[PDB]
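> For reference, this is final.cif, and it has mmCIF, N, CA, C and O atoms and all ligand atoms.
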```cif
data_start
loop_
_atom_site.label_atom_id
_atom_site.label_comp_id
_atom_site.auth_asym_id
_atom_site.auth_seq_id
_atom_site.Cartn_x
_atom_site.Cartn_y
_atom_site.Cartn_z
N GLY A 1 -26.01 -4.61 -26.41
CA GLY A 1 -25.28 -5.78 -25.97
C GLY A 1 -25.39 -6.93 -26.95
O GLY A 1 -26.47 -7.47 -27.17
N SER A 2 -24.26 -7.32 -27.53
CA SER A 2 -24.23 -8.42 -28.49
C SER A 2 -22.81 -8.94 -28.68
O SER A 2 -21.84 -8.20 -28.51
N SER A 3 -22.70 -10.22 -29.03
CA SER A 3 -21.39 -10.84 -29.24
C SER A 3 -20.73 -10.31 -30.50
O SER A 3 -21.31 -10.34 -31.58
N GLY A 4 -19.50 -9.81 -30.36
CA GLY A 4 -18.78 -9.28 -31.49
C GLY A 4 -17.43 -9.94 -31.68
O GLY A 4 -17.23 -11.10 -31.30
N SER A 5 -16.49 -9.21 -32.28
CA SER A 5 -15.15 -9.74 -32.53
C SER A 5 -14.52 -10.24 -31.23
O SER A 5 -14.84 -9.76 -30.15
N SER A 6 -13.62 -11.21 -31.36
CA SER A 6 -12.94 -11.78 -30.20
C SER A 6 -12.24 -10.69 -29.39
O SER A 6 -11.64 -9.78 -29.95
N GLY A 7 -12.33 -10.80 -28.07
CA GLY A 7 -11.70 -9.82 -27.20
C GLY A 7 -10.30 -9.45 -27.66
O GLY A 7 -9.42 -10.31 -27.75
N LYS A 8 -10.10 -8.17 -27.95
CA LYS A 8 -8.80 -7.69 -28.40
C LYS A 8 -8.15 -6.80 -27.35
O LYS A 8 -7.00 -7.02 -26.96
N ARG A 9 -8.89 -5.80 -26.88
CA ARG A 9 -8.39 -4.89 -25.86
C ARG A 9 -8.04 -5.63 -24.58
O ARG A 9 -8.91 -5.90 -23.75
N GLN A 10 -6.76 -5.96 -24.42
CA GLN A 10 -6.30 -6.68 -23.24
C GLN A 10 -5.13 -5.95 -22.58
O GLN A 10 -4.07 -5.78 -23.19
N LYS A 11 -5.33 -5.51 -21.34
CA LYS A 11 -4.29 -4.80 -20.61
C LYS A 11 -3.92 -5.55 -19.33
O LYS A 11 -3.76 -4.94 -18.27
N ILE A 12 -3.80 -6.87 -19.43
CA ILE A 12 -3.45 -7.70 -18.28
C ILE A 12 -1.94 -7.91 -18.19
O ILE A 12 -1.35 -8.57 -19.05
N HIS A 13 -1.33 -7.36 -17.16
CA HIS A 13 0.11 -7.49 -16.96
C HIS A 13 0.42 -8.58 -15.93
O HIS A 13 -0.49 -9.10 -15.28
N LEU A 14 1.70 -8.91 -15.80
CA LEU A 14 2.12 -9.94 -14.85
C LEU A 14 1.78 -9.53 -13.42
O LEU A 14 1.56 -8.36 -13.13
N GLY A 15 1.75 -10.51 -12.52
CA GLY A 15 1.43 -10.24 -11.13
C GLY A 15 2.39 -10.93 -10.18
O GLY A 15 2.00 -11.85 -9.46
N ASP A 16 3.64 -10.49 -10.17
CA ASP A 16 4.66 -11.07 -9.30
C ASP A 16 4.84 -10.23 -8.04
O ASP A 16 4.82 -10.74 -6.93
N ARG A 17 5.02 -8.92 -8.23
CA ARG A 17 5.21 -8.01 -7.12
C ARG A 17 4.39 -8.45 -5.91
O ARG A 17 4.85 -8.36 -4.77
N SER A 18 3.17 -8.92 -6.16
CA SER A 18 2.29 -9.37 -5.10
C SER A 18 3.06 -10.13 -4.03
O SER A 18 3.74 -11.11 -4.32
N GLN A 19 2.96 -9.66 -2.79
CA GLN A 19 3.66 -10.30 -1.68
C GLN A 19 2.67 -10.78 -0.62
O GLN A 19 1.62 -10.17 -0.42
N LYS A 20 3.02 -11.87 0.06
CA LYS A 20 2.16 -12.43 1.10
C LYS A 20 2.51 -11.85 2.46
O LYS A 20 3.65 -11.95 2.92
N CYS A 21 1.52 -11.24 3.12
CA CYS A 21 1.73 -10.64 4.43
C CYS A 21 2.11 -11.71 5.46
O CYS A 21 1.87 -12.90 5.25
N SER A 22 2.71 -11.27 6.56
CA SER A 22 3.12 -12.18 7.62
C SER A 22 2.21 -12.06 8.83
O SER A 22 1.98 -13.04 9.55
N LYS A 23 1.69 -10.86 9.06
CA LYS A 23 0.79 -10.61 10.18
C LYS A 23 -0.55 -11.30 9.98
O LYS A 23 -0.92 -12.20 10.73
N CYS A 24 -1.27 -10.88 8.94
CA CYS A 24 -2.57 -11.46 8.63
C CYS A 24 -2.44 -12.59 7.61
O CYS A 24 -3.07 -13.64 7.74
N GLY A 25 -1.61 -12.36 6.60
CA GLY A 25 -1.41 -13.37 5.57
C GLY A 25 -2.27 -13.12 4.34
O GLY A 25 -2.72 -14.07 3.69
N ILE A 26 -2.49 -11.85 4.02
CA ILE A 26 -3.30 -11.49 2.87
C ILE A 26 -2.42 -11.18 1.66
O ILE A 26 -1.23 -10.89 1.80
N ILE A 27 -3.01 -11.24 0.47
CA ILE A 27 -2.29 -10.96 -0.76
C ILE A 27 -2.40 -9.49 -1.15
O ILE A 27 -3.49 -8.97 -1.35
N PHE A 28 -1.25 -8.82 -1.25
CA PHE A 28 -1.22 -7.41 -1.61
C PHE A 28 -0.05 -7.11 -2.54
O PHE A 28 0.80 -7.97 -2.78
N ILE A 29 -0.01 -5.89 -3.06
CA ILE A 29 1.06 -5.48 -3.97
C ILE A 29 2.05 -4.56 -3.27
O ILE A 29 1.72 -3.42 -2.92
N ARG A 30 3.27 -5.05 -3.07
CA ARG A 30 4.31 -4.27 -2.41
C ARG A 30 4.66 -3.03 -3.23
O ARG A 30 5.10 -3.13 -4.37
N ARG A 31 4.45 -1.86 -2.63
CA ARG A 31 4.74 -0.60 -3.31
C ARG A 31 5.81 0.19 -2.56
O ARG A 31 6.08 -0.08 -1.39
N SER A 32 6.42 1.15 -3.24
CA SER A 32 7.47 1.97 -2.64
C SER A 32 7.07 2.41 -1.24
O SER A 32 6.03 3.04 -1.04
N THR A 33 7.91 2.09 -0.26
CA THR A 33 7.65 2.45 1.12
C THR A 33 8.95 2.59 1.91
O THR A 33 9.91 1.84 1.69
N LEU A 34 8.99 3.55 2.82
CA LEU A 34 10.17 3.79 3.64
C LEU A 34 10.42 2.62 4.59
O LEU A 34 9.79 2.51 5.64
N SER A 35 11.35 1.74 4.21
CA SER A 35 11.68 0.58 5.03
C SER A 35 11.61 0.92 6.51
O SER A 35 12.40 1.72 7.02
N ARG A 36 10.66 0.30 7.21
CA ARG A 36 10.48 0.54 8.64
C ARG A 36 10.57 -0.77 9.42
O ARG A 36 11.32 -0.88 10.38
N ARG A 37 9.79 -1.76 8.99
CA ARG A 37 9.78 -3.06 9.65
C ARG A 37 10.36 -4.13 8.75
O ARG A 37 10.24 -4.07 7.52
N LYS A 38 11.00 -5.13 9.35
CA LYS A 38 11.61 -6.22 8.60
C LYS A 38 10.62 -7.37 8.42
O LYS A 38 10.90 -8.51 8.79
N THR A 39 9.47 -7.06 7.84
CA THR A 39 8.44 -8.06 7.60
C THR A 39 7.40 -7.56 6.61
O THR A 39 7.01 -6.39 6.61
N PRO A 40 6.92 -8.47 5.74
CA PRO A 40 5.92 -8.14 4.72
C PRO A 40 4.55 -7.86 5.33
O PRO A 40 3.83 -8.79 5.71
N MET A 41 4.19 -6.59 5.41
CA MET A 41 2.90 -6.19 5.97
C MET A 41 2.01 -5.58 4.89
O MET A 41 2.45 -4.75 4.10
N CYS A 42 0.75 -6.00 4.87
CA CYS A 42 -0.21 -5.50 3.89
C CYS A 42 -0.77 -4.14 4.32
O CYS A 42 -0.91 -3.87 5.51
N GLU A 43 -1.07 -3.30 3.35
CA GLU A 43 -1.61 -1.97 3.63
C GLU A 43 -2.50 -1.99 4.86
O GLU A 43 -2.41 -1.12 5.73
N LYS A 44 -3.37 -3.00 4.94
CA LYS A 44 -4.28 -3.14 6.07
C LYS A 44 -3.52 -3.15 7.39
O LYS A 44 -3.73 -2.30 8.25
N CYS A 45 -2.62 -4.12 7.54
CA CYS A 45 -1.82 -4.23 8.75
C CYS A 45 -0.99 -2.97 8.98
O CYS A 45 -0.97 -2.43 10.09
N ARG A 46 -0.32 -2.51 7.94
CA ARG A 46 0.51 -1.31 8.03
C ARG A 46 -0.20 -0.22 8.83
O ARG A 46 0.40 0.42 9.69
N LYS A 47 -1.48 -0.02 8.53
CA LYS A 47 -2.27 0.99 9.22
C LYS A 47 -2.22 0.79 10.74
O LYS A 47 -2.18 1.75 11.50
N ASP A 48 -2.21 -0.47 11.16
CA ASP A 48 -2.16 -0.80 12.58
C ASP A 48 -0.72 -0.80 13.08
O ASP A 48 -0.28 -1.75 13.73
N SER A 49 0.01 0.27 12.78
CA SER A 49 1.40 0.39 13.20
C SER A 49 1.50 0.44 14.72
O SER A 49 2.58 0.24 15.29
N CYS A 50 0.38 0.72 15.38
CA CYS A 50 0.34 0.79 16.84
C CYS A 50 1.22 1.94 17.34
O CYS A 50 1.98 1.77 18.29
N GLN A 51 1.10 3.09 16.69
CA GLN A 51 1.89 4.26 17.08
C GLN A 51 1.02 5.28 17.80
O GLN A 51 1.44 5.87 18.80
N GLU A 52 -0.19 5.49 17.30
CA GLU A 52 -1.11 6.44 17.90
C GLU A 52 -1.47 6.03 19.33
O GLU A 52 -2.33 5.18 19.54
N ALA A 53 -0.80 6.64 20.30
CA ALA A 53 -1.05 6.33 21.71
C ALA A 53 -2.21 7.15 22.25
O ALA A 53 -3.12 6.62 22.88
N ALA A 54 -2.17 8.46 22.00
CA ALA A 54 -3.23 9.35 22.46
C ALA A 54 -4.54 9.08 21.74
O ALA A 54 -4.55 8.80 20.54
N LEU A 55 -5.64 9.17 22.47
CA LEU A 55 -6.96 8.93 21.90
C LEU A 55 -7.15 9.74 20.61
O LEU A 55 -7.74 9.25 19.65
N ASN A 56 -6.66 10.97 20.62
CA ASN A 56 -6.77 11.84 19.45
C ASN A 56 -6.23 11.15 18.20
O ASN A 56 -5.54 10.14 18.29
N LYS A 57 -6.55 11.71 17.04
CA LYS A 57 -6.09 11.16 15.77
C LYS A 57 -5.37 12.21 14.94
O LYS A 57 -4.19 12.05 14.60
N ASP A 58 -6.07 13.30 14.63
CA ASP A 58 -5.49 14.38 13.84
C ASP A 58 -6.13 15.71 14.20
O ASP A 58 -7.35 15.86 14.13
N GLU A 59 -5.31 16.68 14.58
CA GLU A 59 -5.80 18.00 14.95
C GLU A 59 -5.29 19.07 13.98
O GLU A 59 -4.90 20.16 14.38
N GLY A 60 -5.30 18.73 12.69
CA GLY A 60 -4.83 19.66 11.68
C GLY A 60 -3.46 19.31 11.15
O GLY A 60 -2.57 20.15 11.09
N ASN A 61 -3.29 18.05 10.76
CA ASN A 61 -2.01 17.58 10.23
C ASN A 61 -2.22 16.45 9.22
O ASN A 61 -2.57 15.33 9.59
N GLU A 62 -2.01 16.76 7.94
CA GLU A 62 -2.18 15.77 6.89
C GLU A 62 -0.84 15.11 6.54
O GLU A 62 -0.06 15.65 5.75
N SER A 63 -0.59 13.96 7.14
CA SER A 63 0.66 13.23 6.90
C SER A 63 0.82 12.92 5.41
O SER A 63 0.03 12.18 4.83
N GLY A 64 1.87 13.48 4.81
CA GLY A 64 2.12 13.25 3.40
C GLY A 64 3.47 12.61 3.15
O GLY A 64 4.49 13.05 3.70
N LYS A 65 3.49 11.57 2.32
CA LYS A 65 4.72 10.87 2.00
C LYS A 65 5.63 11.72 1.12
O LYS A 65 5.14 12.53 0.32
N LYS A 66 6.93 11.54 1.26
CA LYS A 66 7.90 12.29 0.47
C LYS A 66 7.47 12.37 -0.99
O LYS A 66 7.13 11.36 -1.60
N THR A 67 7.50 13.58 -1.55
CA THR A 67 7.11 13.78 -2.94
C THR A 67 8.16 14.61 -3.68
O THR A 67 8.86 15.43 -3.08
N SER A 68 8.26 14.39 -4.99
CA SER A 68 9.22 15.11 -5.81
C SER A 68 9.19 16.60 -5.49
O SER A 68 8.16 17.26 -5.62
N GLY A 69 10.34 17.13 -5.08
CA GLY A 69 10.43 18.54 -4.74
C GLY A 69 9.72 18.88 -3.45
O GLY A 69 8.69 18.30 -3.12
N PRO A 70 10.28 19.84 -2.70
CA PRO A 70 9.71 20.27 -1.42
C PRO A 70 8.40 21.04 -1.60
O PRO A 70 7.97 21.30 -2.72
N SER A 71 7.78 21.41 -0.48
CA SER A 71 6.52 22.14 -0.52
C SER A 71 6.74 23.61 -0.13
O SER A 71 6.88 23.94 1.04
N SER A 72 6.77 24.48 -1.14
CA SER A 72 6.97 25.90 -0.91
C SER A 72 6.09 26.73 -1.84
O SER A 72 5.57 26.23 -2.83
N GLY A 73 5.92 28.01 -1.50
CA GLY A 73 5.10 28.89 -2.31
C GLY A 73 5.21 30.34 -1.89
O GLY A 73 5.08 31.22 -2.73
ZN ZN A 101 -1.50 -8.16 6.79
#
```
As structure tokens, please, write out the structure in this file.


Amino acid sequence: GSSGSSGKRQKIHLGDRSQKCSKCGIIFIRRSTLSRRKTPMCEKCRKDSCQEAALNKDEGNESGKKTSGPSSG
């Protein structure tokens, strides 16, 4: 550990995409998502979609978002 040449390796990009949530009001990065609600919700809130009615959670089903090409083999 020692002071060397001025910091060169810099990979800092702009930060606009960042959107302010409406439910909680946290700062997050809006990413590709299937338009469902007409409001800026952060990943955190999104999870609380309030859909899971039954106490159960998952009995052998891994919810996967649309991906390039179907799933076959
Ligand atoms: Zn939120």

> Need to verify the contact set: stretch 43-45 of chain A, 12 Å, only C-alpha atoms, exclusion of same-chain residues closer than 5 positions in sequence. Can you return it as a CSV table (one decimal) with N, CA, C and O atoms, keeping the file's coordinate frame?


```csv
chain,number,residue,atom,x,y,z
A,19,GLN,N,3.0,-9.7,-2.8
A,19,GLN,CA,3.7,-10.3,-1.7
A,19,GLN,C,2.7,-10.8,-0.6
A,19,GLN,O,1.6,-10.2,-0.4
A,20,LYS,N,3.0,-11.9,0.1
A,20,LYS,CA,2.2,-12.4,1.1
A,20,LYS,C,2.5,-11.8,2.5
A,20,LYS,O,3.6,-12.0,2.9
A,21,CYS,N,1.5,-11.2,3.1
A,21,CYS,CA,1.7,-10.6,4.4
A,21,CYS,C,2.1,-11.7,5.5
A,21,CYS,O,1.9,-12.9,5.2
A,22,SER,N,2.7,-11.3,6.6
A,22,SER,CA,3.1,-12.2,7.6
A,22,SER,C,2.2,-12.1,8.8
A,22,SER,O,2.0,-13.0,9.6
A,23,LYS,N,1.7,-10.9,9.1
A,23,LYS,CA,0.8,-10.6,10.2
A,23,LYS,C,-0.6,-11.3,10.0
A,23,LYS,O,-0.9,-12.2,10.7
A,24,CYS,N,-1.3,-10.9,8.9
A,24,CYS,CA,-2.6,-11.5,8.6
A,24,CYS,C,-2.4,-12.6,7.6
A,24,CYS,O,-3.1,-13.6,7.7
A,25,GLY,N,-1.6,-12.4,6.6
A,25,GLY,CA,-1.4,-13.4,5.6
A,25,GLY,C,-2.3,-13.1,4.3
A,25,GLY,O,-2.7,-14.1,3.7
A,26,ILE,N,-2.5,-11.8,4.0
A,26,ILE,CA,-3.3,-11.5,2.9
A,26,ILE,C,-2.4,-11.2,1.7
A,26,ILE,O,-1.2,-10.9,1.8
A,27,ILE,N,-3.0,-11.2,0.5
A,27,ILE,CA,-2.3,-11.0,-0.8
A,27,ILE,C,-2.4,-9.5,-1.2
A,27,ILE,O,-3.5,-9.0,-1.4
A,28,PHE,N,-1.2,-8.8,-1.2
A,28,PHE,CA,-1.2,-7.4,-1.6
A,28,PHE,C,0.0,-7.1,-2.5
A,28,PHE,O,0.8,-8.0,-2.8
A,29,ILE,N,0.0,-5.9,-3.1
A,29,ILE,CA,1.1,-5.5,-4.0
A,29,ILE,C,2.0,-4.6,-3.3
A,29,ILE,O,1.7,-3.4,-2.9
A,30,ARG,N,3.3,-5.0,-3.1
A,30,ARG,CA,4.3,-4.3,-2.4
A,30,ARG,C,4.7,-3.0,-3.2
A,30,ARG,O,5.1,-3.1,-4.4
A,31,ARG,N,4.4,-1.9,-2.6
A,31,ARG,CA,4.7,-0.6,-3.3
A,31,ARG,C,5.8,0.2,-2.6
A,31,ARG,O,6.1,-0.1,-1.4
A,32,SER,N,6.4,1.2,-3.2
A,32,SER,CA,7.5,2.0,-2.6
A,32,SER,C,7.1,2.4,-1.2
A,32,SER,O,6.0,3.0,-1.0
A,33,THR,N,7.9,2.1,-0.3
A,33,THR,CA,7.6,2.4,1.1
A,33,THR,C,9.0,2.6,1.9
A,33,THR,O,9.9,1.8,1.7
A,37,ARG,N,9.8,-1.8,9.0
A,37,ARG,CA,9.8,-3.1,9.6
A,37,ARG,C,10.4,-4.1,8.8
A,37,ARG,O,10.2,-4.1,7.5
A,50,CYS,N,0.4,0.7,15.4
A,50,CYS,CA,0.3,0.8,16.8
A,50,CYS,C,1.2,1.9,17.3
A,50,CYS,O,2.0,1.8,18.3
```

> Would you mind telling me which residue in A:10, A:35, A:2, A:46 lies nearest to ligand ZN 101 (chain A) when using all atoms listed in the file?

A:46

> Could you find all residues in chain A that DSSP calls strand (DSSP E or B) from the backbone, and write them as a PyMOL selection string?

chain A and resi 18-20+27-29

> Could you tell me which of A:17, A:47, A:4, A:36 comes closest to ligand ZN 101 (chain A) if we count only C-alpha atoms and all ligand atoms?

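Of A:17, A:47, A:4, A:36, the one nearest ligand ZN 101 (chain A) is A:47, counting only C-alpha atoms and all ligand atoms.
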
> Counting only N, CA, C and O atoms and all ligand atoms, which of A:40, A:14, A:55, A:34 gets nearest to ligand ZN 101 (chain A)?

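The closest residue to ligand ZN 101 (chain A) is A:40.
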
> Return the single residue from A:12, A:53, A:41, A:59 that is closest to ligand ZN 101 (chain A), with distances computed using all atoms listed in the file.

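When distances to ligand ZN 101 (chain A) are compared using all atoms listed in the file, the smallest one comes from A:41.
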
> Can you work out the spacing between atom C of residue A:72 and atom CA of residue A:57 in Å, to one decimal?

26.5 Å
